[PDB]
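Chains as they are written, first to last, in PDB author numbering: chain SY, 43 to 145; chain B1, 33 to 284, 547 to 569, 606 to 636, 787 to 1014; chain Sf, 23 to 52; chain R1, 7 to 361. Just so it is clear, CB atoms sit at the ideal spot from N, CA and C, and this is done for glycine as well.
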Amino acid sequence: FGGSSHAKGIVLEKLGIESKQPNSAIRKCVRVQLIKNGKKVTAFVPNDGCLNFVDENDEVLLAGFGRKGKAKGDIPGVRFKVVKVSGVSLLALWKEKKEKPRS
Amino acid sequence: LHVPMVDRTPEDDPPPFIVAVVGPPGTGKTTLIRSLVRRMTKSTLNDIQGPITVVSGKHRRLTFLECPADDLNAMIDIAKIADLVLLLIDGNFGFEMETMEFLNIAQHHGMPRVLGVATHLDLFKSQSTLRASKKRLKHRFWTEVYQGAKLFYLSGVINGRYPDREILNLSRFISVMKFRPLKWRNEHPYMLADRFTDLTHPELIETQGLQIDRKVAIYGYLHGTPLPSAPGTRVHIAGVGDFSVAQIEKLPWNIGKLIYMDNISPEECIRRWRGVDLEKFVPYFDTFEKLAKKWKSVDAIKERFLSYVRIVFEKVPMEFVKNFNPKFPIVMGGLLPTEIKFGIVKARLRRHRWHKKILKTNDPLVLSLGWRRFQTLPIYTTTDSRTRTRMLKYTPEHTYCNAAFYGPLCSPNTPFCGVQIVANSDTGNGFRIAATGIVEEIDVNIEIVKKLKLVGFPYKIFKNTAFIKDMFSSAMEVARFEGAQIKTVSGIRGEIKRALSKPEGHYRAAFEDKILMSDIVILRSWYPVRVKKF
Amino acid sequence: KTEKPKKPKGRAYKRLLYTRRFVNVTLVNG
Amino acid sequence: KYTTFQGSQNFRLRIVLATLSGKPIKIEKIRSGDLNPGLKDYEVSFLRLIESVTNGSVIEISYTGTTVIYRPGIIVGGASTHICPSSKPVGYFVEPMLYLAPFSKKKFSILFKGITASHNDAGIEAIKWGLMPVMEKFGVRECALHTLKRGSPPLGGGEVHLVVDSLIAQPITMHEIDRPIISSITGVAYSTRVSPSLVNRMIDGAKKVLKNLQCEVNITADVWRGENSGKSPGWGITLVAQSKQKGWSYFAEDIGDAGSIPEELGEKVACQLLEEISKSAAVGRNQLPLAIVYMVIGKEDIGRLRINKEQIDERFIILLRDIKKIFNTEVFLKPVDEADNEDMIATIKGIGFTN
RNA sequence: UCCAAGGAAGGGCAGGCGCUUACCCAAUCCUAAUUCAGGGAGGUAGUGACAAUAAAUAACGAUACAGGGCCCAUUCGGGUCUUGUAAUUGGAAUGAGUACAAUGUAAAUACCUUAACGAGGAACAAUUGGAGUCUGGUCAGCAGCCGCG
């Protein structure tokens, strides 16, 4: 960020992670280019699934990790997460409190 | 960005603004419609012959549209194409679980400028508690759904409805606030039908029979990209099928001429203009002597260094002549290559909101692909190891699958709409939603992993030296399959050592651990049998 | 949404702890 | 089956025009007056190369080969290895899939085997440095031709590997109205089984020709000996001009037959390079059919291309007539306002996805 | 601005968004062609998490089989056993909401009152969370024998 708390960007590609508990499953990262800057930064998706949900080429919102940078656990080098794809606030789609738009 | 950009410039007053008044059929929508044209035409027209062209100024022309909730296909069809959805409500909807599913249809087709209008609340409520109910329904929609929406509250003043400031507030919101662009609708040329005429090539014995199609001449105005760009092109008519245009019409020494006049040889084009096979890549040159002598000097390259339409058809055939009616509105679609072609396609899916059933492979589905809708058997599969290893016959709450099926083939991977049909006497809407997502990817000639289980129970086990009481009955099968690698439900490897002349399930076979009596010796990788075609 | 919570709210939620603490601290102080 | 074509003319063109369009066509009357009527050996193996990368494609050929019904499938590709006949070099077979490279679902990793050069088809440096930097102007960022062995006729013995990594959905819009300025001229003189001094004989022939110019002359000597040289002795030379401002190239090529003068070969390819500069405006005349394919297949937008009247020949006109039989596309030409020369502007609307 | 082609007419003005305005001369005063009536004077209605007020979600009995019950020290161990599992089951009760009449009366609405309805757990449907050495599911990759997440 430019010192800010949030920023809006566009997904260009979707990467792959993996886990150890309770089994090995993909834990998902992406590459998101900043709209205001053009910088493409890695971002993590904290949830189960939601690789199904987000997309390529969608305009997303970004937030921090609450550790002043500083990648959380065994995720090497990601400093940001997505809270709102298309401004739809991921947790609403997480239960079924919202339905994804046309794109 | 550019596909919305091409739409704004040529469109002006003769392309109208799309107005779709969509709600329940039980309400008096017609009073609000004729009230709306009482605002448009001076004060005195209250008759419905829609759809029809109403001329109102040079700013915007406005054609008004209607459809009941009893028609099933146009409930889909008007949703993807409307610039304006006008929802009228009664004071008793909100947890009516069978007649409000169209909201999710407009969600999946994409939300235009949409409206909530409450008028029968006056007919239903008469106390101060309706002010809380209005805000509560506002907490339901659209303010829950989309930020920046307005809820319109109007009077029940049935026939005899106002010309006053309230219709200027509605038409204020319609005229001032404009739409938002859609991705793939603007990627296609699409035309709504306005005037429908039929010519029969005057009377002959060939003009009627069991199979005779006549000359349907249709008229209207264009939207989206310009449709005249190529004659004889393909087209889709919704509810009837795919066709091609008979004739397209629209009512709103030059070497470049010499190229595409095919009655003239190219040597005559060059010869009249100035003064063979591209399989040889090396271009033509002159002789070594002439090019050497001419290129003795290098001076010659020294600077080289530092809208209304009249559309003709010979369709439809005879059976839809009996399907003539006052026109329930039909828009024309557009077919494209790499979308007109067929293929096995894989789609990504999730489950409908307020949906209460499981979704099986064996129950066919209606599928809205753009301007198309196909009943198709939805075969599901899943991965668990970044590759296919299993398949599922139905859709639980546990996970949500990916669909693979032979349908039409579409490379650009459009968004997905899977609707399950109900009759017009079951719930209240024309369809009930099954699953929605995006077309995931394109994949033809693919084969599904269908694995099964062979049952063998162990009772007294050593690592390399073991017998099963009951897993088989033939020593010949085990003798053919002794080179294979047998497994166990916890993951213990093994192979068949030998059938050992016992067609009874007892046979020597090795494992890398002694098999647990709570475990079962199994076998996987089984027959992948064919796709359902429909 | 989870159908797990059945436990009391507010005053009855305040009611249960003081009954528990009356059982807990009496053996604790002894 | 419906779009009817005639003769064996533009055989690789008509197959690729049907493949990218997804349209069924028909080609009939192929060498019907000839003593050996129908398809040749390389034309049969051409469609064998088609079948190796596609899926859902249906090819129906008459028993004498004079009539071919082609119905295309999807472009899949992948990794494979093809054997080319002695009738045509591998540069005959690189040329059609360059059109098919960015639109593939999986990357092209294809090893060719056989003769690598002729007098009529394209050379390797004409592929590597003549046609591959041209598609780089359209966003083809990563493309690689890995020459493992060189193959000299009649015996060949060469291996080349195509590596394509950039996959796009449409090319970018052309914007070319000015004739570019050439900064420097380089080249590759190569040989098989013979002396490095014979390469220097080709070097001294062109430096006799091109010492008069005020640009740089830096020709790379490409000597090969061992198992990496093939089975036959021979030599060739490709001389490429450079526009280092944007990345425009102009090249000339020929190979050397046994007993010939390699100095005359160096003189000829130098003067053919000079002549092609005098005949071109933006692209070479053989770079031109590479470009015009990339015009139509792009997104729905208006582009511009500077062309020369010397580029306007019978090969060019039939090139425009083939696209209208497939895509119904008309090229719109406006002359330049310049009075120093007589060029005109090729304006072609890309198809996008319009039916 | 219009034009029947002659001429005629209005002053570059409000207001909205960008950051929905309805009713009455019953009051006070003023005027009156004045005991009549009017008042772009005046009076009433619409508008809502940046804040924020009061507090509703259950109360009290009942019996029967029943106890390896809890706390602290991650410990090595010690102390304290008045405790729950059952609609067993029973009568209370209030008002969220439904409604005559009256008051008020700018004509007039709300406000302040109240006959008549409204509980045995589907009730008359509250969370956002935090942990978890719990319970389940064939996977780097491996045999000679025992195992990994």
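message = Which residue wins for smallest C-alpha separation from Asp228 (chain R1), given the options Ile130 (chain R1), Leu294 (chain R1), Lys112 (chain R1) and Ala175 (chain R1)?
response = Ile130 (chain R1)
query = Since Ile631 (chain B1) meets chain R1, which of its residues come closer than 8 Å, beta carbon to beta carbon?
reply = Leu280, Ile283 and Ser284
message = I'd like to check one pair, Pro43 (chain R1) with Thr72 (chain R1): are the Cβ atoms closer than 7 Å?
response = yes
message = Does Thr198 (chain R1) pass the burial test, meaning 16 or more other C-beta atoms within 10 Å, or should it be called exposed?
response = buried
key: Per-residue contacts from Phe17 (chain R1) into chain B1 (C-beta, under 8 Å)   = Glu609
message = Quick check on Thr353 (chain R1): does DSSP put it in helix, strand or coil?
response = strand
request  = Please say whether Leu94 (chain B1) and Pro48 (chain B1) have beta carbons closer to each other than 7 Å?
outcome  = yes
ask   = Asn218 (chain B1) touches chain SY at which residues, Cβ-Cβ below 9 Å?
value = Simply none; closest approach about 12 Å.
Opening and closing residue of the beta strand (DSSP E) in which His152 (chain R1) lies = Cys149 to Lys155
Alpha carbon of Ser86 (chain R1) to alpha carbon of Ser115 (chain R1), nearest angstrom = 7 Å
query = Three-state secondary structure (DSSP) at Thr232 (chain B1)?
reply = coil
query = If you measure beta-carbon to beta-carbon, which residues of the region 804-836 of chain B1 are closer than 9 Å to chain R1?
reply = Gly814, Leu815, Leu816, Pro817, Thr818, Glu819, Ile820, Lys821 and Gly823
inquiry  = Can you pull the chain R1 neighbours of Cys563 (chain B1), defined as C-beta to C-beta under 7 Å?
reply    = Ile323
query = Can you name the residues of chain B1 whose CB is closer than 8 Å to the CB of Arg144 (chain SY)?
reply = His140, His141, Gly142, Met143, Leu214, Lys215 and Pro895
query = Residues of chain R1 with CB under 7 Å from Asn925 (chain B1), in chain order?
reply = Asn61
Residues from the region 119-131 of chain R1 in contact with chain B1, defined by Cβ distance under 8 Å = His125, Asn126, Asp127 and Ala128
query = Considering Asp228 (chain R1), what are the terminal residues of the beta strand (DSSP E) in which it resides?
reply = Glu222 to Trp230
ask   = What is the DSSP secondary structure of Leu120 (chain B1), counted as helix, strand or coil?
value = strand
inquiry  = Please classify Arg291 (chain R1) as buried or exposed, where buried requires at least 16 neighbouring CB atoms within 10 angstroms.
reply    = buried
query = Counting only beta-carbon atoms, is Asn79 (chain SY) nearer than 7 Å to chain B1?
reply = no
inquiry  = Taking only three categories from DSSP, how would you classify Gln63 (chain SY)?
reply    = coil
ask   = Which chain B1 residues are close to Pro202 (chain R1), counting only those with a beta carbon under 7 Å from its beta carbon?
value = Under the 7 Å cutoff, chain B1 gives no residues; its nearest Cβ is about 25 Å from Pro202 (chain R1).
key: Of the listed residues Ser27 (chain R1), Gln15 (chain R1), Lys29 (chain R1) and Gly62 (chain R1), nearest to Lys46 (chain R1) (C-alpha basis)   = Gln15 (chain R1)
key: Unbroken beta strand (DSSP E) run spanning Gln12 (chain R1), endpoints   = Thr9 to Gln12
request  = Helix, strand or coil for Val45 (chain Sf), going by three-state DSSP, please let me know.
outcome  = helix
query = Below 7 Å between beta carbons: does that hold for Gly304 (chain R1) and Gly253 (chain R1)?
reply = no
key: alpha helix (DSSP H) runs contained entirely in the region 931-991 of chain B1, provided each spans 4 or more residues   = 955-960
ask   = Taking the continuous alpha helix (DSSP H) assigned at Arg71 (chain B1), which residues delimit it?
value = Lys61 to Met72
key: Opposing strand residues paired with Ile1000 (chain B1) [DSSP bridges]   = DSSP, once it has assigned bridges, lists no residue as partnering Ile1000 (chain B1).
request  = Using a Cβ-Cβ cut-off of 7 Å, state whether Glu60 (chain SY) counts as contacting chain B1.
outcome  = no
key: Residue interval of the alpha helix (DSSP H) (run including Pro30 (chain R1))   = Counting along the chain, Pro30 (chain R1) falls outside any alpha helix (DSSP H), and DSSP gives it neither H nor E.
inquiry  = Taking its Cβ as the centre, do 16 or more other Cβ atoms sit within 10 Å of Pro177 (chain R1), making it buried, or is it exposed?
reply    = buried
inquiry  = Within 10 Å of its beta-carbon, does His233 (chain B1) have 16 or more other beta-carbons around it, so buried, or fewer, so exposed?
reply    = exposed
message = Using only the alpha-carbon positions, how far apart do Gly264 (chain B1) and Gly823 (chain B1) sit?
response = 25 Å
message = Within 10 Å of its beta-carbon, does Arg207 (chain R1) have 16 or more other beta-carbons around it, so buried, or fewer, so exposed?
response = buried
message = For a test of the three-state rule: what should DSSP assign to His152 (chain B1), helix, strand or coil?
response = coil
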